[PDB]
Amino acid sequence: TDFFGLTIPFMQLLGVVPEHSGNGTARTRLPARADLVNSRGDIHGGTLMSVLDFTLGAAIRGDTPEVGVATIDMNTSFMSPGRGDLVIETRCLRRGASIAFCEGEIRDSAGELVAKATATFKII
Amino acid sequence: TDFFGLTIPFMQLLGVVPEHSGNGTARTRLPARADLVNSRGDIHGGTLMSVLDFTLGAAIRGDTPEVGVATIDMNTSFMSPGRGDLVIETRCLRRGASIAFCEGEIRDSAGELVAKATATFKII
Amino acid sequence: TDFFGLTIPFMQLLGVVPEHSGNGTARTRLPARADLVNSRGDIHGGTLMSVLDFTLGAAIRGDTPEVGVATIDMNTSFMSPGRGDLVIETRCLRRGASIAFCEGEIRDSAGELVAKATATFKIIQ
Amino acid sequence: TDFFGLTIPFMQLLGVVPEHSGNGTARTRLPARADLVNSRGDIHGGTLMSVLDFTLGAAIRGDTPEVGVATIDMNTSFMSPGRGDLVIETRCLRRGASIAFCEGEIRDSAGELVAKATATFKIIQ
């Protein structure tokens with residue numbers, strides 16, 4: 001599978017679908033699967049942090065795909081339980097020669113806020 | 001599979017192995033699999049945040065398994081790339097009636113620091 | 001001194017001015033001072049988090065000065081050195097019966113992002 | 001004023017005292033003051049992050065006052081209201097050529113955890 005110009009075994013396991021990236025943003029979609037679920041039947045937070053990580057970075061190497069990106073730190077807030085196909089949109093807040101700052105949110109089909117995250121990246 | 005007294009489809013997909021929990025701590029082990037890998041062949045950060053989330057919470061409901069736990073927010077720092085079987089140890093820093101604070105680290109077979117995380121939980 | 005319905009001896013000390021609070025958002029302002037600077041001459045990041053802490057909570061208790069809000073945890077990103085007067089604006093992302101989520105940013109006179117922060121809150125009621 | 005090799009006008013303003021820096025750890029102390037309190041009478045969390053910011057960096061540039069460290073991002077957890085004199089102690093978790101990771105905690109005279117924080121740093125060299 002092609003994830004924004006890169007192969008990623010774990011993202012292929014999660015079945016996430018890359019939709020867009022460019023102009024400092026990126027959009028990913030997470031289809032529902034009983035595999036990715038919580039102990040309460042909700043989409044596991046780990047699952048959300050995974051696709052969010054992917055998407056967060058893609059908002060950097062979408063304006064510049066020749067660039068290498070590595071997550072330094074990432075903060076996630078879980079607002080409400082995720083269920084059914086989700087959509088992840090991220091946005092790059094500031095980009096430098098070495099460091100880039102990003103953010104994003106996960107929303108359900110009903111447009112409600114499932115989770116929000118912000119991260120720091122090392123631009124290789 | 002039994003994960004500290006709970007079924008979790010996503011943790012079963014990741015193949016993580018619960019080893020211990022109690023007295024405010026918990027220990028999990030993540031076996032190596034090519035499925036859980038990075039674009040650089042390293043264990044994906046999302047994968048680390050997943051097992052860390054599991055383990056972080058388990059350090060609360062190990063002293064009290066009758067308790068329900070839900071992650072509010074979680075911060076993760078990635079120190080060095082993870083490879084080969086990893087071990088995750090977490091520790092509860094403060095527990096209240098409503099809120100609990102946790103922390104943990106992931107280390108490789110060589111005992112080096114792969115990642116570190118801290119989280120906030122709602123004790124149900 | 002009046003900080004959206006309460007006196008905060010530390011805030012009064014930072015020389016910060018409350019600009020708005022209500023409908024899930026808030027505004028505050030940090031007039032430049034030399035008491036408040038780093039060693040690089042820039043406004044100290046702690047000065048930033050202090051005013052950001054103050055203002056993030058305000059976006060919750062403006063819709064209700066009847067409630068109490070205590071910061072649980074806060075994450076702050078440092079994008080650009082802060083200088084001169086700064087304006088701080090926050091928004092509540094979600095409000096529960098017990099837990100509140102907020103975010104915000106600090107900008108300089110030139111409108112450039114100085115720092116951005118997110119916070120979790122305990123609403124005391 | 002001497003803060004491990006530099007003057008910080010804001011820190012000097014908080015009335016904080018440098019207690020140690022070297023070998024990947026650091027210590028600082030926050031003598032109680034009324035200028036530094038919340039509205040609940042507790043020491044303002046911003047006062048905490050300010051001193052925590054100061055001290056986290058110190059755990060890096062004590063092994064080398066030759067280098068510069070700039071805070072990239074910081075996460076702070078609030079566990080217990082802070083009161084009376086507080087002691088701040090940090091440790092460097094990892095040091096790269098460009099990026100440094102640190103953590104730390106604030107405790108009261110009774111030794112109870114007031115707040116814990118983690119931070120990422122840019123080492124300027």
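The rules we used
Residues numbered from 1 in each chain as written, not as in the entry; some residues may be left out. Chains lettered and ligands numbered in written order. Heavy atoms only, no water. Residues with missing side-chain atoms left out of burial classes, pairs and counts. Contact = heavy atoms within 4.5 Å. Buried area = accessible area lost by both parts, 1.4 Å probe. Salt bridge = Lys/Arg side-chain N within 4 Å of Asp/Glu carboxyl O. Polar contact = N/O pair within 3.5 Å; in protein donor to acceptor, adjacent residues only side chain to side chain. Helix = DSSP H or I, 4+ residues; strand = E, 2+ residues; numbered from the N terminus. Nonpolar A, V, L, I, M, F, W, Y, C, P; charged D, E, K, R; others polar. Pairing = 2+ DSSP bridges. Buried < 20%, exposed > 50% of the residue type's maximum accessible area, 1.4 Å probe, protein only. Least-squares fit on C-alpha atoms. Axes fitted to C-alpha atoms, helices over the stretch in contact; angles between N-to-C directions. UniProt positions renumbered as here; feature names shortened; annotations may be inferred. Parallel < 35°, antiparallel > 145°, perpendicular 65-115°, else oblique. Left-handed = near helix turned anticlockwise from the far one by under 90°.

## Observations regarding the interface of chain C and chain A
Consideration 1: At the junction of the two partners, chain C supplies 12 residues and chain A supplies 11 residues.
Consideration 2: Between chain C and chain A the total buried area reaches about 990 Å² when both faces are included, carbon and sulfur atoms providing 63% of it.
Consideration 3: Of all residues in chain C, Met79(C), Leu93(C) and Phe101(C) give up the largest surface area on contact with chain A, accounting jointly for 43% of the area buried on that side.
Consideration 4: The interface formed by chain C and chain A includes 2 salt bridges.
Consideration 5: Among the salt bridges present, the one from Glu103(A) reaches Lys116(C), with a minimum N-O distance of 3.4 Å.

## What about the interface of chain B and chain A?
Consideration 1: Contacts between chain B and chain A engage 31 residues on the former and 31 residues on the latter.
Consideration 2: Of all residues in chain B, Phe10(B), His44(B) and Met49(B) give up the largest surface area on contact with chain A, accounting jointly for 22% of the area buried on that side.
Consideration 3: Counting every contact that joins chain B to chain A gives 0 salt bridges.
Consideration 4: Remark: the boundary between chain B and chain A carries 12 residue pairs in polar contact.
Consideration 5: Sorting the residues of the side of chain B that touches chain A by element identifies α1 (9–13), α2 (45–58) and β3 (69–78) of chain B as the ones contributing at least two each.
Consideration 6: With 10 residues, the single largest contributor to the side of chain B that touches chain A is β3(B).
Consideration 7: A breakdown of the residues in the side of chain B that touches chain A according to their chemical character gives 15 nonpolar, 11 polar and 5 charged.
Consideration 8: Here strand β3 (residues 69–78) of chain A pairs with β3(B) via 5 bridges, running antiparallel. Following the sheet pairing, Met74(A) is matched in β3(B) by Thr76(B).

## Notes on the pattern of salt bridges
Consideration 1: Taken as a whole and assessed by the stated rule, the structure comprises 38 salt bridges over all chains.
Consideration 2: For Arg27(C), the salt bridge goes to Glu19(C), with nearest N and O atoms at 3.4 Å.
Consideration 3: On the basis of relative accessible area, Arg27(C) is assigned to the partly exposed category, the value being 25%.
Consideration 4: The exposure class of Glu19(C) is partly exposed, given its relative accessible area of 33%.
Consideration 5: Because the salt bridges share partners, they merge into one network encompassing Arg91(A), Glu103(A), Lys116(A), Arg91(C), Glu103(C) and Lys116(C).

## Considerations on the relation of the copies chain B and chain A
Consideration 1: Overlaying chain B with chain A gives an RMSD of 0.0 Å, the required rotation being 180° about an axis along which the chain moves by 0.0 Å. Each copy turns onto its partner about a two-fold axis. Minimal C-alpha separation from the rotation axis in chain B is found for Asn75(B), amounting to 2.1 Å.
Consideration 2: A high fraction, 100%, of the interface residues of chain B reappear at the interface in chain A, so the copies pair face to face through one surface.

## So, the sheet that holds β3(A)
Consideration 1: With antiparallel pairing, 12 strands are arranged side by side in an open sheet as β1(A)-β2(A)-β4(A)-β5(A)-β6(A)-β3(A)-β3(B)-β6(B)-β5(B)-β4(B)-β2(B)-β1(B). At either end of the open sheet lies a strand with only one pairing partner, and these are β1 (17–21) of chain A together with β1 (17–21) of chain B. Across the sheet, the mean angle from the axis of one strand to that of its neighbour is 20°, orientation sign disregarded.
Consideration 2: Note that strand β2 (residues 25–30) of chain B and strand β4 (residues 86–95) of chain B share 6 bridges and pair antiparallel. Pairing of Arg27(B) across the sheet is with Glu89(B), part of β4(B).
Consideration 3: Helix α2 (residues 45–58) of chain A rests against β1, β2 (25–30), β3, β4 (86–95), β5 (99–107) and β6 (113–123) of chain A together with β3 of chain B of the sheet, and its axis sits at about 135° to β3(A).
Consideration 4: Seen against the sheet, α2(B) touches β3 of chain A together with β1, β2, β3, β4, β5 (99–107) and β6 (113–123) of chain B and runs at an angle of roughly 135° to β3(B).

## Quick notes on the UniProt feature "domain: Thioesterase" (unreviewed entry) in chain C
Consideration 1: UniProt marks residues 41–114 of chain C with the feature "domain: Thioesterase" (unreviewed entry), using the numbering shown here.
Consideration 2: Across residues 41–114 of chain C one finds 19% helix and 43% strand; the C-alpha atoms that close the span lie 15 Å apart.

## A few points about the pairing of β2(B)
Both faces of the sheet carry side chains from a regular strand, because those side chains alternate between them.
All names here are of chain B.
Consideration 1: Because side chains alternate across β2, one face comprises the buried residues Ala26, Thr28 and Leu30, and the other comprises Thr25, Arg27 and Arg29, none of which is buried.
Consideration 2: When β1 meets β2, the two strands line up antiparallel, connected through 4 bridges. Across the sheet, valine 17 pairs through a bridge with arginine 29, a residue of β2.
Consideration 3: What sits between the antiparallel neighbours β1 and β2 is a turn of 3 residues, in which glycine 22 has the positive phi angle 145°.

## Description of the pairing of strand β4 (residues 86–95) of chain D
Residue and element names in this part refer to chain D.
Consideration 1: Sheet topology places strand β2 (residues 25–30) next to β4; 6 bridges connect them, and they run antiparallel. Looking across to β4, one finds that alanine 26 is bridged to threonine 90.
Consideration 2: Where β4 meets strand β5 (residues 99–108), 9 bridges bridge the pair, whose relative direction is antiparallel. Bridge pairing in β5 links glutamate 89 to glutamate 105.
Consideration 3: The loop that links β4 with its antiparallel partner β5 comprises 3 residues.

## Looking at the packing of helix α2 (residues 45–58) of chain C against helix α2 (residues 45–58) of chain D
Consideration 1: Between α2(C) and α2(D), the shortest axis-to-axis distance is 8 Å and the interhelical angle comes to 155°. Our classification of the angle between α2(C) and α2(D) gives roughly antiparallel. Like other packed secondary-structure pairs, α2(C) and α2(D) cross with a definite hand, here right-handed. In this structure, α2(C) contributes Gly45(C), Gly46(C), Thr47(C), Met49(C), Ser50(C) and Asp53(C) to the contact, and α2(D) contributes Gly45(D), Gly46(D), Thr47(D), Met49(D), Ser50(D) and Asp53(D).
Consideration 2: A breakdown of the residues in the contact of α2(C) with α2(D) according to their chemical character gives 2 nonpolar, 8 polar and 2 charged.

## Some details on the side chain of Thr55(D)
Consideration 1: Relative to the elements of secondary structure, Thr55(D) occurs in helix α2.
Consideration 2: Leaving out residues up to four positions away in the same chain, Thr55(D) has contacts with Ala26(D), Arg27(D), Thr28(D), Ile88(D) and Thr90(D).

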